[PDB]
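We begin with a single chain expressed as structure tokens, specifically the form deposited in one PDB entry.
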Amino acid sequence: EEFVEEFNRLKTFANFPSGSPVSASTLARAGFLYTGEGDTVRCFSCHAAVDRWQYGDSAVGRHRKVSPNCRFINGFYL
């Protein structure tokens, strides 16, 4: 619905930890919504979550890893 649009996902990232090594925008571009606790983010499509972001993580890489069959990660939204 709304969260197919990158910008709407990005908007969920109010209060996202300023010091995270992986930026809010990178995480939204990788299909994530911010959960509002920690650096825990959750894909709008597959509903699978990822936390504990470290310098050098690929936001798309870790997503594919946890949800290789995610519709977003495999291009179902274009």
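Numbering starts at 1 and follows the sequence shown.
Stretch with the higher entry mean CA B-factor, where the candidates are 10 to 18 and 57 to 65
Of 57 to 65 and 10 to 18, the stretch with the higher C-alpha B-factor average is 10 to 18.
Could you say whether, by C-alpha temperature factor, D51 belongs to the lowest, middle or highest third of its chain?
Lowest third of the chain for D51's C-alpha B-factor.
Below, we refer to the form deposited with a partner chain bound, which is not included among the displayed structures.
Hey, in the entry with it bound, does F72 get a heavy atom within 4.5 angstroms of its partner chain?
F72: yes, in contact with its partner chain in the entry with it bound.
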